[PDB]
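Trainee: Just passing along the structure, written as structure tokens.
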Amino acid sequence: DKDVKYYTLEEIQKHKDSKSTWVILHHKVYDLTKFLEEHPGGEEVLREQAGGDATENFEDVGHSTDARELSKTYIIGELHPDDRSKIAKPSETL
Ligand code: HEM
């Protein structure tokens with residue numbers, strides 16, 4: 001069973017490698033480590049950015065629709081409500 005594990009942007013900008021690719025697509029801590037062994041196309045691309053900001057590039061490829069909704073299924077803990085309360089309106093678009 002489980003609990004929300006609200007982690008800050010900073011914390012998530014630590015980890016990267018080693019079966020732990022968490023991302024801030026659209027202001028939420030998304031675990032891609034599961035998808036590292038599932039996601040269509042490849043996992044290397046997932047891991048490249050990892051704990052950074054793999055949003056713009058992801059949307060550039062056209063991750064809207066289905067994948068965008070599925071993004072929400074990788075919710076393991078979300079952002080810290082602190083950061084998240086001040087989440088500046090990012091950008092754009094696709
Ligand atoms: C957690 C969010 C993610 C979800 C739910 C997701 C889901 C998907 C899905 C369903 C496809 C196929 C789309 C289609 O067939 O129309 C796809 C393809 C792809 N994804 Fe993701 N993805 C995610 C994150 C990422 C990230 C972070 C990257 C790297 C920036 C990435 C790079 C790619 C690439 C390169 C493809 C292959 C494009 C092709 O089929 O030629 N994805 N993704």
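Following the order of the structure tokens, first chain is A, next is B, and so on, with residues numbered from 1 inside each chain and ligands from 1 in the order they appear.
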Taking a cut-off of 12 Å and counting only C-alpha atoms and all ligand atoms, can you build a table that, for each residue of chain A near ligand 1, reports the nearest atom pair and how far apart they are in Å (one decimal), sorted by chain then residue number, as a tab-separated table?
Mentor:
```
residue	atom	partner	partner_atom_place_in_ligand_line	distance
A:21	CA	ligand 1	27 (C)	9.2
A:22	CA	ligand 1	1 (C)	9.0
A:23	CA	ligand 1	27 (C)	7.3
A:24	CA	ligand 1	1 (C)	9.0
A:25	CA	ligand 1	1 (C)	7.1
A:26	CA	ligand 1	2 (C)	9.7
A:27	CA	ligand 1	1 (C)	11.7
A:28	CA	ligand 1	1 (C)	9.9
A:29	CA	ligand 1	1 (C)	9.4
A:30	CA	ligand 1	1 (C)	6.1
A:31	CA	ligand 1	1 (C)	7.2
A:32	CA	ligand 1	1 (C)	6.1
A:33	CA	ligand 1	1 (C)	9.9
A:34	CA	ligand 1	1 (C)	9.8
A:35	CA	ligand 1	1 (C)	7.8
A:36	CA	ligand 1	24 (C)	9.8
A:38	CA	ligand 1	7 (C)	9.6
A:39	CA	ligand 1	8 (C)	6.2
A:40	CA	ligand 1	18 (C)	5.3
A:41	CA	ligand 1	37 (C)	4.1
A:42	CA	ligand 1	34 (C)	6.6
A:43	CA	ligand 1	31 (C)	8.0
A:44	CA	ligand 1	29 (C)	8.5
A:45	CA	ligand 1	29 (C)	5.0
A:46	CA	ligand 1	27 (C)	4.7
A:47	CA	ligand 1	27 (C)	7.8
A:48	CA	ligand 1	29 (C)	7.6
A:49	CA	ligand 1	30 (C)	7.0
A:50	CA	ligand 1	27 (C)	7.3
A:51	CA	ligand 1	27 (C)	10.2
A:52	CA	ligand 1	27 (C)	10.1
A:53	CA	ligand 1	27 (C)	8.6
A:54	CA	ligand 1	27 (C)	5.1
A:55	CA	ligand 1	27 (C)	6.9
A:56	CA	ligand 1	30 (C)	8.0
A:57	CA	ligand 1	30 (C)	5.3
A:58	CA	ligand 1	30 (C)	4.1
A:59	CA	ligand 1	30 (C)	7.9
A:60	CA	ligand 1	30 (C)	8.6
A:61	CA	ligand 1	34 (C)	6.8
A:62	CA	ligand 1	16 (O)	7.9
A:63	CA	ligand 1	43 (N)	6.4
A:64	CA	ligand 1	13 (C)	8.7
A:65	CA	ligand 1	16 (O)	8.7
A:66	CA	ligand 1	10 (C)	6.4
A:67	CA	ligand 1	5 (C)	3.9
A:68	CA	ligand 1	5 (C)	5.7
A:69	CA	ligand 1	5 (C)	7.0
A:70	CA	ligand 1	5 (C)	4.5
A:71	CA	ligand 1	1 (C)	4.0
A:72	CA	ligand 1	1 (C)	7.3
A:73	CA	ligand 1	5 (C)	7.8
A:74	CA	ligand 1	1 (C)	6.2
A:75	CA	ligand 1	1 (C)	8.8
A:76	CA	ligand 1	1 (C)	11.3
```
Trainee: Mind the document's chain letters and residue numbers, and return as a list in words the residues of range 17-57 of chain A that DSSP labels strand (DSSP E or B).
Mentor: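 Residues meeting the strand (DSSP E or B) criterion: residues 22, 23, 24, 25, 28, 29, 30 and 31 of chain A.
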Trainee: Tell me, in Å to one decimal, how far CA of residue 78 in chain A is from CA of residue 8 in chain A.
Mentor: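 These atoms are spaced 8.7 Å apart.
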Trainee: Could you tell me how far CA of residue 87 in chain A lies from CA of residue 17 in chain A, in Å and to one decimal?
Mentor: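 That distance, rounded to one decimal, is 25.5 Å.
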Trainee: DSSP on the backbone, alpha helix (DSSP H) only: what residues of chain A does that give? Format it as a PyMOL selection string.
Mentor: chain A and resi 9-12+44-49+56-61+65-71+81-85
Trainee: Could you check how far CA of residue 9 in chain A sits from CA of residue 88 in chain A, in Å to one decimal?
Mentor: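 These two atoms are separated by 13.0 Å.
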